[PDB]
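K.L.:
For reference, the structure I am asking about is given below.
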Amino acid sequence: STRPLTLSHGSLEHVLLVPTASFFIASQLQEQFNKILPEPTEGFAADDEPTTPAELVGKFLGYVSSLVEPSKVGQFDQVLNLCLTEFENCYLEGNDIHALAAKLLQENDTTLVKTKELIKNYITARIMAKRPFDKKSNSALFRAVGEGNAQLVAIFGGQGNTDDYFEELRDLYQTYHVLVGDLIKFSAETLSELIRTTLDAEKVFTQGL
């Protein structure tokens, strides 16, 4: 037994068949999320408000994932897993979150920042819901490599491609915190230690690292 829960923002909406056993806590989160969400506008052109039902369910996923603690089992965990499963079956037709994001970019009037926010919400939710990416993907490219239909070479850039390289690291830290946060903390600690243990390195790092 389930009851429909409507989460909406102006014209666009999504209905979620919540189990009656956890509908009480889902209605709580619905009320909290609807309070957090900004006021609807024409064309959804303003920032931090969804343009498509996919974005809106993303933001709701995002909000619930913010409250759920990874260490401590909470009441919101079951609602997270439930609305995650709904998002997957409704918008990820077996495909990857990037494939969806890329679909939205060319079809709907979604901006690049809104799209990255959607990816971050989905990926954060996946990790908070104790559902890592342990299953190997069915990516066509890597399927083709296994079968011997494709040969892959990786190339790494260097200096002089962009003047604002640091915003690329900023975007990685924002969007993929739950995937690379530990790499960036490790790399930051390694560099701090190399400055400390290298004789005159601090002289070269005038505003620190």
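Ligands are numbered from 1 in the order shown, residues from 1 within each chain, and chains are lettered A, B, ... in the order they appear in the structure tokens.
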Could you please write out, as a ChimeraX atom specification, every residue of chain A that DSSP assigns to helix (DSSP H, G or I)?
P.N.:
/A:23-36,42-44,53-67,77-91,97-107,112-128,140-147,165-175,177-197,201-204
K.L.:
So that I can see what lies close to residue 139 in chain A, please list as a count of residues only the residues with an atom at most 12 Å from it, counting only C-alpha atoms and leaving out residues fewer than 2 positions away in the same chain.
P.N.:
14
K.L.:
Just want the 10 Å neighbourhood of range 7-24 of chain A, counted on only C-alpha atoms, with same-chain residues fewer than 2 positions away dropped. Output as a PDB file with N, CA and C atoms, in the first residue's frame.
P.N.:
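Everything below was put into around_3.pdb:
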```pdb
ATOM      1  N   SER A   1       0.860  -1.229   0.000  1.00  0.00           N
ATOM      2  CA  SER A   1       0.000   0.000   0.000  1.00  0.00           C
ATOM      3  C   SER A   1       0.880   1.258   0.000  1.00  0.00           C
ATOM      4  N   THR A   2       0.576   2.214  -0.886  1.00  0.00           N
ATOM      5  CA  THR A   2       1.335   3.476  -1.107  1.00  0.00           C
ATOM      6  C   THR A   2       0.355   4.649  -1.252  1.00  0.00           C
ATOM      7  N   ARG A   3       0.793   5.873  -0.930  1.00  0.00           N
ATOM      8  CA  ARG A   3       0.036   7.126  -1.208  1.00  0.00           C
ATOM      9  C   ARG A   3       0.872   8.055  -2.086  1.00  0.00           C
ATOM     10  N   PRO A   4       0.284   8.677  -3.140  1.00  0.00           N
ATOM     11  CA  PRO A   4       0.994   9.670  -3.949  1.00  0.00           C
ATOM     12  C   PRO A   4       1.393  10.921  -3.149  1.00  0.00           C
ATOM     13  N   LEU A   5       2.678  11.287  -3.213  1.00  0.00           N
ATOM     14  CA  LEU A   5       3.244  12.541  -2.651  1.00  0.00           C
ATOM     15  C   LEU A   5       3.719  13.423  -3.812  1.00  0.00           C
ATOM     16  N   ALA A  26       8.149  11.150   5.090  1.00  0.00           N
ATOM     17  CA  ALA A  26       8.290  11.669   3.708  1.00  0.00           C
ATOM     18  C   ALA A  26       7.531  12.995   3.555  1.00  0.00           C
ATOM     19  N   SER A  27       6.356  13.117   4.184  1.00  0.00           N
ATOM     20  CA  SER A  27       5.516  14.348   4.189  1.00  0.00           C
ATOM     21  C   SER A  27       6.223  15.444   4.998  1.00  0.00           C
ATOM     22  N   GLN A  28       6.851  15.067   6.119  1.00  0.00           N
ATOM     23  CA  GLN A  28       7.736  15.944   6.933  1.00  0.00           C
ATOM     24  C   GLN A  28       8.793  16.569   6.013  1.00  0.00           C
ATOM     25  N   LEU A  29       9.613  15.725   5.368  1.00  0.00           N
ATOM     26  CA  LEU A  29      10.721  16.124   4.450  1.00  0.00           C
ATOM     27  C   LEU A  29      10.166  16.956   3.286  1.00  0.00           C
ATOM     28  N   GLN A  30       9.029  16.548   2.709  1.00  0.00           N
ATOM     29  CA  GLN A  30       8.302  17.290   1.638  1.00  0.00           C
ATOM     30  C   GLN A  30       8.042  18.730   2.095  1.00  0.00           C
ATOM     31  N   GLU A  31       7.500  18.898   3.306  1.00  0.00           N
ATOM     32  CA  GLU A  31       7.152  20.220   3.898  1.00  0.00           C
ATOM     33  C   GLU A  31       8.440  21.037   4.072  1.00  0.00           C
ATOM     34  N   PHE A  33      11.441  20.600   2.565  1.00  0.00           N
ATOM     35  CA  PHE A  33      12.040  20.848   1.221  1.00  0.00           C
ATOM     36  C   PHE A  33      11.281  21.969   0.502  1.00  0.00           C
ATOM     37  N   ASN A  34       9.946  21.972   0.587  1.00  0.00           N
ATOM     38  CA  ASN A  34       9.078  22.984  -0.074  1.00  0.00           C
ATOM     39  C   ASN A  34       9.327  24.363   0.562  1.00  0.00           C
ATOM     40  N   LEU A  37      13.043  25.386  -0.758  1.00  0.00           N
ATOM     41  CA  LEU A  37      12.966  25.706  -2.210  1.00  0.00           C
ATOM     42  C   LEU A  37      12.560  27.170  -2.377  1.00  0.00           C
ATOM     43  N   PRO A  38      13.188  27.940  -3.299  1.00  0.00           N
ATOM     44  CA  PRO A  38      12.798  29.332  -3.536  1.00  0.00           C
ATOM     45  C   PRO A  38      11.455  29.448  -4.274  1.00  0.00           C
ATOM     46  N   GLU A  39      10.986  30.682  -4.489  1.00  0.00           N
ATOM     47  CA  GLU A  39       9.656  30.975  -5.093  1.00  0.00           C
ATOM     48  C   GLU A  39       9.743  30.737  -6.599  1.00  0.00           C
ATOM     49  N   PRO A  40       8.731  30.096  -7.239  1.00  0.00           N
ATOM     50  CA  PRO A  40       8.717  29.945  -8.697  1.00  0.00           C
ATOM     51  C   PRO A  40       8.702  31.286  -9.447  1.00  0.00           C
ATOM     52  N   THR A  41       9.323  31.318 -10.629  1.00  0.00           N
ATOM     53  CA  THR A  41       9.311  32.468 -11.574  1.00  0.00           C
ATOM     54  C   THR A  41       9.045  31.949 -12.994  1.00  0.00           C
ATOM     55  N   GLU A  42       8.655  32.857 -13.896  1.00  0.00           N
ATOM     56  CA  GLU A  42       8.477  32.616 -15.358  1.00  0.00           C
ATOM     57  C   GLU A  42       9.759  32.012 -15.951  1.00  0.00           C
ATOM     58  N   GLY A  43       9.630  30.883 -16.663  1.00  0.00           N
ATOM     59  CA  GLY A  43      10.718  30.207 -17.403  1.00  0.00           C
ATOM     60  C   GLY A  43      11.742  29.517 -16.507  1.00  0.00           C
ATOM     61  N   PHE A  44      11.625  29.650 -15.179  1.00  0.00           N
ATOM     62  CA  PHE A  44      12.560  29.118 -14.149  1.00  0.00           C
ATOM     63  C   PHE A  44      13.997  29.605 -14.408  1.00  0.00           C
ATOM     64  N   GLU A  49      16.814  27.220  -8.562  1.00  0.00           N
ATOM     65  CA  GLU A  49      15.432  26.691  -8.740  1.00  0.00           C
ATOM     66  C   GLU A  49      15.383  25.801  -9.981  1.00  0.00           C
ATOM     67  N   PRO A  50      14.711  24.626  -9.912  1.00  0.00           N
ATOM     68  CA  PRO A  50      14.754  23.651 -11.002  1.00  0.00           C
ATOM     69  C   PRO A  50      13.966  24.124 -12.231  1.00  0.00           C
ATOM     70  N   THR A  51      14.388  23.682 -13.420  1.00  0.00           N
ATOM     71  CA  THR A  51      13.752  23.970 -14.736  1.00  0.00           C
ATOM     72  C   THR A  51      12.954  22.758 -15.243  1.00  0.00           C
ATOM     73  N   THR A  52      13.276  21.541 -14.786  1.00  0.00           N
ATOM     74  CA  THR A  52      12.623  20.268 -15.208  1.00  0.00           C
ATOM     75  C   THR A  52      12.282  19.439 -13.971  1.00  0.00           C
ATOM     76  N   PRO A  53      11.325  18.485 -14.067  1.00  0.00           N
ATOM     77  CA  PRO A  53      11.006  17.596 -12.947  1.00  0.00           C
ATOM     78  C   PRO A  53      12.220  16.796 -12.442  1.00  0.00           C
ATOM     79  N   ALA A  54      13.122  16.410 -13.353  1.00  0.00           N
ATOM     80  CA  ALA A  54      14.391  15.696 -13.055  1.00  0.00           C
ATOM     81  C   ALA A  54      15.248  16.526 -12.084  1.00  0.00           C
ATOM     82  N   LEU A  56      14.205  19.034 -10.114  1.00  0.00           N
ATOM     83  CA  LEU A  56      13.404  19.210  -8.872  1.00  0.00           C
ATOM     84  C   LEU A  56      13.577  17.984  -7.968  1.00  0.00           C
ATOM     85  N   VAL A  57      13.497  16.776  -8.529  1.00  0.00           N
ATOM     86  CA  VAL A  57      13.677  15.503  -7.764  1.00  0.00           C
ATOM     87  C   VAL A  57      15.144  15.403  -7.323  1.00  0.00           C
ATOM     88  N   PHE A  60      15.549  17.685  -4.305  1.00  0.00           N
ATOM     89  CA  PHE A  60      14.873  16.997  -3.170  1.00  0.00           C
ATOM     90  C   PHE A  60      15.798  15.888  -2.658  1.00  0.00           C
ATOM     91  N   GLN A  75      16.076   8.163  10.360  1.00  0.00           N
ATOM     92  CA  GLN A  75      14.684   7.930   9.894  1.00  0.00           C
ATOM     93  C   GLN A  75      14.578   8.224   8.390  1.00  0.00           C
ATOM     94  N   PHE A  76      15.376   9.173   7.888  1.00  0.00           N
ATOM     95  CA  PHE A  76      15.289   9.731   6.510  1.00  0.00           C
ATOM     96  C   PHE A  76      15.959   8.783   5.499  1.00  0.00           C
ATOM     97  N   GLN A  78      15.441   5.577   4.719  1.00  0.00           N
ATOM     98  CA  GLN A  78      14.474   4.756   3.938  1.00  0.00           C
ATOM     99  C   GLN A  78      13.822   5.629   2.859  1.00  0.00           C
ATOM    100  N   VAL A  79      13.509   6.890   3.180  1.00  0.00           N
ATOM    101  CA  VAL A  79      12.923   7.875   2.220  1.00  0.00           C
ATOM    102  C   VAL A  79      13.977   8.225   1.164  1.00  0.00           C
ATOM    103  N   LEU A  82      14.261   5.250  -1.257  1.00  0.00           N
ATOM    104  CA  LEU A  82      12.964   5.158  -1.982  1.00  0.00           C
ATOM    105  C   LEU A  82      12.928   6.191  -3.122  1.00  0.00           C
ATOM    106  N   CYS A  83      13.216   7.467  -2.838  1.00  0.00           N
ATOM    107  CA  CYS A  83      13.172   8.585  -3.829  1.00  0.00           C
ATOM    108  C   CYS A  83      14.365   8.501  -4.795  1.00  0.00           C
ATOM    109  N   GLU A  86      13.219   5.827  -7.239  1.00  0.00           N
ATOM    110  CA  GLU A  86      12.201   6.489  -8.105  1.00  0.00           C
ATOM    111  C   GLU A  86      12.902   7.326  -9.183  1.00  0.00           C
ATOM    112  N   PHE A  87      13.919   8.114  -8.807  1.00  0.00           N
ATOM    113  CA  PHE A  87      14.713   8.989  -9.719  1.00  0.00           C
ATOM    114  C   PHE A  87      15.379   8.133 -10.804  1.00  0.00           C
ATOM    115  N   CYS A  90      12.720   6.547 -13.204  1.00  0.00           N
ATOM    116  CA  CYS A  90      11.922   7.589 -13.906  1.00  0.00           C
ATOM    117  C   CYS A  90      12.764   8.330 -14.958  1.00  0.00           C
TER     118      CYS A  90
END
```
K.L.:
Mind pulling up the distance from CA of residue 122 in chain A to CA of residue 81 in chain A?
P.N.:
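Value for the CA of residue 81 in chain A-CA of residue 122 in chain A distance: 11.5 Å.
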K.L.:
In Å, with one decimal, what is the gap from CA of residue 175 in chain A to CA of residue 120 in chain A?
P.N.:
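CA of residue 175 in chain A sits 4.5 Å away from CA of residue 120 in chain A.
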K.L.:
Which residues in chain A does DSSP call strand (DSSP E)? List them as a PyMOL selection string.
P.N.:
chain A and resi 2-9+12-19
K.L.:
Could you save those same residues with N, CA and C atoms as a PDB file, in the first residue's frame?
P.N.:
```pdb
ATOM      1  N   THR A   2       0.576   2.214  -0.886  1.00  0.00           N
ATOM      2  CA  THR A   2       1.335   3.476  -1.107  1.00  0.00           C
ATOM      3  C   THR A   2       0.355   4.649  -1.252  1.00  0.00           C
ATOM      4  N   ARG A   3       0.793   5.873  -0.930  1.00  0.00           N
ATOM      5  CA  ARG A   3       0.036   7.126  -1.208  1.00  0.00           C
ATOM      6  C   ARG A   3       0.872   8.055  -2.086  1.00  0.00           C
ATOM      7  N   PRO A   4       0.284   8.677  -3.140  1.00  0.00           N
ATOM      8  CA  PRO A   4       0.994   9.670  -3.949  1.00  0.00           C
ATOM      9  C   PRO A   4       1.393  10.921  -3.149  1.00  0.00           C
ATOM     10  N   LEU A   5       2.678  11.287  -3.213  1.00  0.00           N
ATOM     11  CA  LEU A   5       3.244  12.541  -2.651  1.00  0.00           C
ATOM     12  C   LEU A   5       3.719  13.423  -3.812  1.00  0.00           C
ATOM     13  N   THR A   6       3.138  14.619  -3.938  1.00  0.00           N
ATOM     14  CA  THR A   6       3.437  15.603  -5.012  1.00  0.00           C
ATOM     15  C   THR A   6       4.486  16.586  -4.476  1.00  0.00           C
ATOM     16  N   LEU A   7       5.654  16.635  -5.125  1.00  0.00           N
ATOM     17  CA  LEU A   7       6.699  17.676  -4.919  1.00  0.00           C
ATOM     18  C   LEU A   7       6.786  18.488  -6.215  1.00  0.00           C
ATOM     19  N   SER A   8       6.590  19.808  -6.115  1.00  0.00           N
ATOM     20  CA  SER A   8       6.322  20.717  -7.260  1.00  0.00           C
ATOM     21  C   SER A   8       7.067  22.045  -7.095  1.00  0.00           C
ATOM     22  N   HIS A   9       7.163  22.793  -8.194  1.00  0.00           N
ATOM     23  CA  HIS A   9       7.746  24.155  -8.268  1.00  0.00           C
ATOM     24  C   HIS A   9       7.143  24.866  -9.484  1.00  0.00           C
ATOM     25  N   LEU A  12       5.826  22.766 -13.286  1.00  0.00           N
ATOM     26  CA  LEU A  12       6.493  21.433 -13.251  1.00  0.00           C
ATOM     27  C   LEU A  12       6.285  20.795 -11.872  1.00  0.00           C
ATOM     28  N   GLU A  13       6.084  19.476 -11.854  1.00  0.00           N
ATOM     29  CA  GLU A  13       5.839  18.664 -10.632  1.00  0.00           C
ATOM     30  C   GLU A  13       6.282  17.221 -10.894  1.00  0.00           C
ATOM     31  N   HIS A  14       6.442  16.448  -9.823  1.00  0.00           N
ATOM     32  CA  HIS A  14       6.678  14.982  -9.857  1.00  0.00           C
ATOM     33  C   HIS A  14       5.903  14.337  -8.707  1.00  0.00           C
ATOM     34  N   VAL A  15       5.214  13.233  -8.997  1.00  0.00           N
ATOM     35  CA  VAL A  15       4.417  12.441  -8.018  1.00  0.00           C
ATOM     36  C   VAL A  15       5.223  11.186  -7.672  1.00  0.00           C
ATOM     37  N   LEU A  16       5.419  10.934  -6.377  1.00  0.00           N
ATOM     38  CA  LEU A  16       6.205   9.794  -5.843  1.00  0.00           C
ATOM     39  C   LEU A  16       5.271   8.889  -5.030  1.00  0.00           C
ATOM     40  N   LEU A  17       5.141   7.619  -5.429  1.00  0.00           N
ATOM     41  CA  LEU A  17       4.344   6.593  -4.702  1.00  0.00           C
ATOM     42  C   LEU A  17       5.138   6.169  -3.457  1.00  0.00           C
ATOM     43  N   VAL A  18       4.960   6.900  -2.350  1.00  0.00           N
ATOM     44  CA  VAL A  18       5.647   6.642  -1.049  1.00  0.00           C
ATOM     45  C   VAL A  18       4.892   5.520  -0.339  1.00  0.00           C
ATOM     46  N   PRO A  19       5.583   4.502   0.232  1.00  0.00           N
ATOM     47  CA  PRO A  19       4.939   3.536   1.126  1.00  0.00           C
ATOM     48  C   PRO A  19       4.243   4.232   2.307  1.00  0.00           C
TER      49      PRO A  19
END
```
K.L.:
Please compute the CA of residue 176 in chain A-CA of residue 160 in chain A distance, one decimal, in Å.
P.N.:
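Here the two named atoms are 24.7 Å from each other.
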K.L.:
I need the residue nearest residue 177 in chain A from this list: A:123, A:140, A:209, A:204. Use only C-alpha atoms for the distance.
P.N.:
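Selected residue with least distance to residue 177 in chain A: A:123.
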K.L.:
Just the residues within 10 Å of residue 124 in chain A, please, counting only C-alpha atoms, with nothing from its chain fewer than 6 positions along; format it as a PDB file with N, CA, C and O atoms, in the first residue's frame.
P.N.:
```
ATOM      1  N   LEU A  61      16.352  15.086  -3.574  1.00  0.00           N
ATOM      2  CA  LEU A  61      17.381  14.047  -3.284  1.00  0.00           C
ATOM      3  C   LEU A  61      18.558  14.695  -2.553  1.00  0.00           C
ATOM      4  O   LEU A  61      18.995  14.133  -1.530  1.00  0.00           O
ATOM      5  N   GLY A  62      19.048  15.818  -3.091  1.00  0.00           N
ATOM      6  CA  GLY A  62      20.129  16.640  -2.518  1.00  0.00           C
ATOM      7  C   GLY A  62      19.832  17.013  -1.080  1.00  0.00           C
ATOM      8  O   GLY A  62      20.679  16.729  -0.203  1.00  0.00           O
ATOM      9  N   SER A  65      19.663  13.976   1.338  1.00  0.00           N
ATOM     10  CA  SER A  65      21.055  13.456   1.468  1.00  0.00           C
ATOM     11  C   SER A  65      21.877  14.344   2.416  1.00  0.00           C
ATOM     12  O   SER A  65      22.759  13.798   3.115  1.00  0.00           O
ATOM     13  N   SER A  66      21.587  15.650   2.455  1.00  0.00           N
ATOM     14  CA  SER A  66      22.238  16.639   3.357  1.00  0.00           C
ATOM     15  C   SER A  66      21.939  16.295   4.823  1.00  0.00           C
ATOM     16  O   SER A  66      22.864  16.406   5.650  1.00  0.00           O
ATOM     17  N   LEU A 118      22.602  18.962 -10.478  1.00  0.00           N
ATOM     18  CA  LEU A 118      21.809  17.712 -10.634  1.00  0.00           C
ATOM     19  C   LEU A 118      22.727  16.491 -10.474  1.00  0.00           C
ATOM     20  O   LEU A 118      22.362  15.575  -9.709  1.00  0.00           O
ATOM     21  N   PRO A 132      27.202   2.540  -3.212  1.00  0.00           N
ATOM     22  CA  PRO A 132      28.353   2.944  -4.020  1.00  0.00           C
ATOM     23  C   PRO A 132      28.210   2.440  -5.464  1.00  0.00           C
ATOM     24  O   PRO A 132      27.219   1.802  -5.779  1.00  0.00           O
ATOM     25  N   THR A 175      31.140  19.288  -7.335  1.00  0.00           N
ATOM     26  CA  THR A 175      30.301  18.249  -7.981  1.00  0.00           C
ATOM     27  C   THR A 175      30.628  16.865  -7.414  1.00  0.00           C
ATOM     28  O   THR A 175      29.674  16.152  -7.048  1.00  0.00           O
ATOM     29  N   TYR A 176      31.906  16.511  -7.310  1.00  0.00           N
ATOM     30  CA  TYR A 176      32.355  15.128  -7.026  1.00  0.00           C
ATOM     31  C   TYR A 176      33.079  15.065  -5.686  1.00  0.00           C
ATOM     32  O   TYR A 176      33.920  14.155  -5.526  1.00  0.00           O
ATOM     33  N   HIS A 177      32.697  15.912  -4.728  1.00  0.00           N
ATOM     34  CA  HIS A 177      33.209  15.865  -3.332  1.00  0.00           C
ATOM     35  C   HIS A 177      33.263  14.416  -2.844  1.00  0.00           C
ATOM     36  O   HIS A 177      34.323  13.997  -2.355  1.00  0.00           O
ATOM     37  N   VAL A 178      32.172  13.663  -2.997  1.00  0.00           N
ATOM     38  CA  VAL A 178      32.029  12.309  -2.381  1.00  0.00           C
ATOM     39  C   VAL A 178      32.932  11.300  -3.102  1.00  0.00           C
ATOM     40  O   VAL A 178      33.225  10.249  -2.501  1.00  0.00           O
ATOM     41  N   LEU A 179      33.373  11.609  -4.327  1.00  0.00           N
ATOM     42  CA  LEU A 179      34.262  10.730  -5.131  1.00  0.00           C
ATOM     43  C   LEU A 179      35.730  11.137  -4.985  1.00  0.00           C
ATOM     44  O   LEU A 179      36.558  10.209  -4.934  1.00  0.00           O
TER      45      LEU A 179
END
```
K.L.:
Ranking A:201, A:164, A:101, A:32 by minimum distance to residue 114 in chain A and counting only C-alpha atoms, which one comes first?
P.N.:
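Selected residue with least distance to residue 114 in chain A: A:101.
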